[PDB]
Number of protein chains: 2
Amino acid sequence: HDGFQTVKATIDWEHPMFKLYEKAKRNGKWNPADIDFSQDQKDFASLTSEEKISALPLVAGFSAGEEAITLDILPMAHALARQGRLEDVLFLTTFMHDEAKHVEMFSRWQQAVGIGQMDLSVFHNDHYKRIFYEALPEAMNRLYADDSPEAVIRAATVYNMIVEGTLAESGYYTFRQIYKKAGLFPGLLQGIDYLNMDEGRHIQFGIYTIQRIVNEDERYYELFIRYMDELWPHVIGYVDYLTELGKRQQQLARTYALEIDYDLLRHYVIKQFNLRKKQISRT
Amino acid sequence: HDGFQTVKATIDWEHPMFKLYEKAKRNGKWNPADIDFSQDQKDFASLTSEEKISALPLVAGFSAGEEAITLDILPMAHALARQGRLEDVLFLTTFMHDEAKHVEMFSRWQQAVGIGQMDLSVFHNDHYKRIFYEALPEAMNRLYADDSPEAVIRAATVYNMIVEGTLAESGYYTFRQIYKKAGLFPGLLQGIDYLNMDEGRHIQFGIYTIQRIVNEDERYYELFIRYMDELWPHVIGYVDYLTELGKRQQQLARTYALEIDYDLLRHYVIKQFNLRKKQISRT
Ligand SMILES: CCCCCCCCCCCCCCCC(=O)O
Ligand SMILES: CCCCCCCCCCCCCCCC(=O)O
Ligand SMILES: [Fe+3]
Ligand SMILES: [Fe+3]
Ligand SMILES: [Mn+2]
Ligand SMILES: [Mn+2]
Ligand SMILES: [Mn+3]
Ligand SMILES: [Mn+3]
């Protein structure tokens, strides 16, 4: 270290990421350990085997995603720390702790309903793996040796704009469209509501990061759009795979009179993807 | 990634670091933004210039240390993440967020009392710089390329056993011995109480980390002792420098009838150092 900002000066109290950090502390008190999952255990046990499975693809996607994101944010925190972006780092401590609670929430649900011993990796197809097993850690880990604006934009695009701003947001919507209607899994849905609220700050950090780089040179806008489009095939290829699992196993939909509109879910994904694009201004 | 623990299985709910993570969430709700510093501003302004300075060396040491530690824990989190130690990572998200709040607390105090514009690096002598500007980032950053048991023990020794378990603990004691007696700076002392409570978990993570490595091969015990002793000269060399500043500027002690026992503070430092050693068992 050559010096310390809070010895030479203070935190930059007006910095957007300090304000986001402050909001994260105010809004981040929830604890997955307090969620009552006992009704969820009864719901899951009440289900037939073919209804039991209906929910597992989505939980498998979230549980791996939360865990990937918990591990893979560390290089972003490092890169920004090394750039002396102290307020970003303070905020990223809330981001990382949020994702830890997200991992915890889904794992507590799996334990409570009796599937913790079940290996849910069978529900990760090639497109999911390309995003979460490969493209996400590649883009983040790159920041250890290459913290160029190109690398940081690509990292924020994959992590915050695609994984969180497209897939996670759409998954929260899907959970609600399906189980909130069914009256099922109230503990899980309480957790989803807290995850979704945290996610708002995570996406805003991505937007801030990408926009501040675009702000220095509008040609980075083109890079942002390009990286969004490179991942789209895998995003929809996973969505299509989940859709086809749902269409092939309809008993939960039948039993609970959910006219599950998979083409409305698909449209919600397309819509999320397009509005994330629109939250980055070329100028 | 080759897979995900919370897809194949669950969190290891009995893991000591998951239990420490759970305690951190329960005990880590405090927010520096809620501390009332208005009485602290009046106290500081009431002081003469020569009393004003008396407190600044210690705040300078803490503010830089909190900031160093916030940046320099990231490689430990990374190394353990890459080892698949998921429960350690979950706990480290609380550790990192705690230190962010510590940075925030001291910087809020500096702002409130009117010294935020003052560059307090003048109170970092060569021994302080050797620990915080050099040895700490060197030991932590090494973990990016070398996560051997030797490297991890050395990192935990410098960070958790020396910086936190010797210097920080002794600084908390010193703040209380001096200002809690004077009736001064109630907001700062509220913050110190919260820092000290957080620190308990940070030191326990260090103990767990060092002991689990020693447990695999008792020869690492010798390394631990050696790394403790290598840093001791700098620890006491900074303590002696602070002591001599205090002896050379006594007006706060006089004004507030603090018979400040600098040789009792020195003994407290020696005692902390020796009991950290004793918390690691050769077997
Ligand atoms: C059937 C419609 C498809 C809806 C899309 C569902 C997407 C599943 C979500 C899995 C990825 C979750 C990523 C977590 C991100 C974070 O924790 O910030
Ligand atoms: C006059 C007696 C000397 C007492 C020793 C005072 C030591 C000052 C403390 C500065 C280091 C603080 C390190 C912070 C560690 C953490 O935040 O985990
Ligand atoms: Fe997120
Ligand atoms: Fe600490
Ligand atoms: Mn395909
Ligand atoms: Mn010396
Ligand atoms: Mn999440
Ligand atoms: Mn601290």
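Every chain is numbered from 1, with letters handed out A, B, ... down the list of sequences. Any value given below was found using the heavy atoms of this structure, including those in side chains, with hydrogens, waters and symmetry copies removed.
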For residues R108(B) and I35(B), determine if any side-chain heavy atom of one lies less than 4.5 Å from a side-chain heavy atom of the other.
-> no
Kindly indicate whether the side chain of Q272(A), heavy atoms from C-beta on, has any atom under 4.5 Å from the side chain of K277(A).
-> no
Might you point out which heavy atoms bring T93(A) and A100(B) nearest each other, and give the distance in Å?
-> OG1-CB, 3.5 Å
Between the CD atom in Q250(A) and the CG atom in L245(A), the distance rounded to the nearest 0.5 Å is 12.0 Å
Pairwise side-chain contact, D261(A) with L265(A), heavy-atom cut-off 4.5 Å (strictly under) = no
Would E87(A) and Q5(A) count as having a side-chain donor-acceptor pair, cut-off 3.5 Å?
-> yes
Pairing of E164(B) and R201(B) as salt bridge, 4.0 angstrom limit = no
Check against side-chain contact (heavy atoms from CB on, under 4.5 Å), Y159(B) and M140(B) | CA-CA 8 Å; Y159(B) 195 117; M140(B) 307 312 299; 3.9 Å; yes
When you look at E244(A) and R248(A), which way does the salt bridge (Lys or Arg N to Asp or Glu O under 4.0 Å) test go after all the steps?
-> CA-CA 6 Å; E244(A) 152 159 48; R248(A) 267 170 130 120; 2.6 Å; yes
Aromatic ring proximity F205(A)/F91(A), centre distance under 6.0 Å | yes
Electrostatic pair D147(B):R142(B) at N-O distance under 4.0 angstrom = no
Is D34(B) paired with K25(A) through a side-chain N to carboxylate O contact shorter than 4.0 Å?
-> no
Is a salt bridge present between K19(B) and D12(B), judged by a nitrogen-to-oxygen distance below 4.0 Å?
-> no
Polar contact flag, side-chain donor to acceptor under 3.5 angstrom, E99(B)-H202(B) | yes
Looking at OG of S281(B) and CD1 of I210(B), how far apart are the two atoms once the value is rounded to the nearest 0.5 Å?
-> 12.5 Å
If we only count heavy atoms from C-beta on, is the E66(B) to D98(B) side-chain gap below 4.5 Å?
-> no
Reported CE-to-CG distance for the pair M105(B) and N31(B), which is rounded to 0.5 angstrom = 12.5 Å
Using a 4.5 Å cut-off on heavy atoms from C-beta on, say whether the side chain of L258(A) contacts that of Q177(A).
-> no
Full working for ring pair (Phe, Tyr, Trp, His ring centres under 6.0 Å) between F4(B) and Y133(A) = CA-CA 9 Å; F4(B) 296 100; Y133(A) 289 52; 5.1 Å; yes
Ignoring hydrogens and angles, state whether a donor on the side chain of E150(B) or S148(B) is under 3.5 Å from an acceptor on the partner side chain.
-> no
Taking the six-membered ring for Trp, are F132(A) and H124(A) ring centroids under 6.0 Å apart?
-> no
Exam field: side chain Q117(A) to backbone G114(A), donor-acceptor pair closer than 3.5 Å | yes
Consider only side-chain N and O atoms of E51(A) and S54(A), and report whether a donor and an acceptor are under 3.5 Å apart.
-> no
Report the C-alpha distance between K271(A) and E169(A) in whole Å, list the side-chain angles of each, state the deciding distance to 0.1 Å, and finish with yes or no for salt bridge (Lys or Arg N to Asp or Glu O under 4.0 Å).
-> CA-CA 11 Å; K271(A) 164 237 231 280; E169(A) 280 299 334; over 6 Å; no
State whether the number of non-hydrogen atoms from other residues, nucleotides or ligands found under 6.0 Å of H1(B) atom NE2 is greater than 12.
-> yes
For residues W109(A) and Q41(A), determine if any side-chain heavy atom of one lies less than 4.5 Å from a side-chain heavy atom of the other.
-> no
Would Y172(B) and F62(B) count as a close aromatic pair, with their ring centres under 6.0 Å?
-> yes
Starting at CG of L184(A), measure out to CG of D40(A) and round the result to the nearest 0.5 Å.
-> 8.5 Å
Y144(B) ring center within less than 6.0 Å of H78(B) ring center | yes
Inspect the contact between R176(A) and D193(A) and indicate whether a charged nitrogen and a carboxylate oxygen are less than 4.0 angstrom apart.
-> yes
Stepwise side-chain hydrogen bond (donor to acceptor under 3.5 Å, both in side chains) test for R82(A) and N141(B) = CA-CA 11 Å; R82(A) 288 271 199 104; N141(B) 267 275; 2.8 Å; yes
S107(A) vs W13(B), side-chain contact (heavy atoms from CB on, under 4.5 Å): CA-CA, chis, key distance, verdict = CA-CA 10 Å; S107(A) 199; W13(B) 309 110; 3.6 Å; yes
Are any non-hydrogen side-chain atoms of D43(A) and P186(A) less than 4.5 angstrom apart?
-> yes
Do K29(B) side-chain atoms and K29(A) backbone N/O form a donor-acceptor pair below 3.5 Å?
-> yes
Of all heavy-atom pairs between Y220(B) and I153(B), which one has the smallest distance, and what is that distance?
-> CB-CD1, 3.5 Å
dist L195(B):CG -> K101(B):NZ (nearest 0.5 Å) comes out at 9.5 Å
Geometric class of the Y194(A)/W30(A) ring pair [parallel <30°, tilted 30-60°, perpendicular >60°] | parallel
Answer yes or no: is there a side-chain heavy-atom contact under 4.5 Å between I131(A) and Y238(A)?
-> no
Candidate pair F95(B) and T70(B), rule side-chain contact (heavy atoms from CB on, under 4.5 Å), full reasoning = CA-CA 9 Å; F95(B) 193 145; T70(B) 300; over 6 Å; no
Strictly under 6.0 Å, is that where the ring centroids of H15(A) and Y208(A) end up?
-> yes
Should the pair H97(A) and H97(B) be assigned to parallel (<30°), tilted (30 to 60°) or perpendicular (>60°) ring geometry?
-> parallel
Let me see the working for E67(B) and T6(A) under side-chain hydrogen bond (donor to acceptor under 3.5 Å, both in side chains), right down to the final yes or no.
-> CA-CA 7 Å; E67(B) 191 172 325; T6(A) 59; 2.6 Å; yes
Of all heavy-atom pairs linking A139(A) and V158(A), the shortest is CB-CG2, 4.1 Å
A156(A) to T209(A) - nearest heavy-atom pair and separation = CB-CG2, 4.3 Å
Working for side-chain contact (heavy atoms from CB on, under 4.5 Å), residues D240(A) and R266(A) | CA-CA 8 Å; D240(A) 291 348; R266(A) 184 211 182 76; 2.6 Å; yes
CG/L189(A) to CG/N196(A) distance, rounded to the nearest 0.5 angstrom?
-> 11.0 Å
Correct closest heavy-atom pair for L143(B) and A155(B) would be CD1-CB, 3.7 Å
Flag this pair as yes if the NZ/CZ of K52(A) is under 6.0 angstrom from the six-membered ring centre of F44(A) and inside a 45 degree cone about the axis; otherwise no.
-> yes
Heavy atoms of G165(B) and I203(B) approach each other most closely as CA-CD1, 3.8 Å
Should the heavy atoms of other residues, nucleotides or ligands under 6.0 Å from CD1 of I53(A) be counted, would the total exceed 12?
-> no
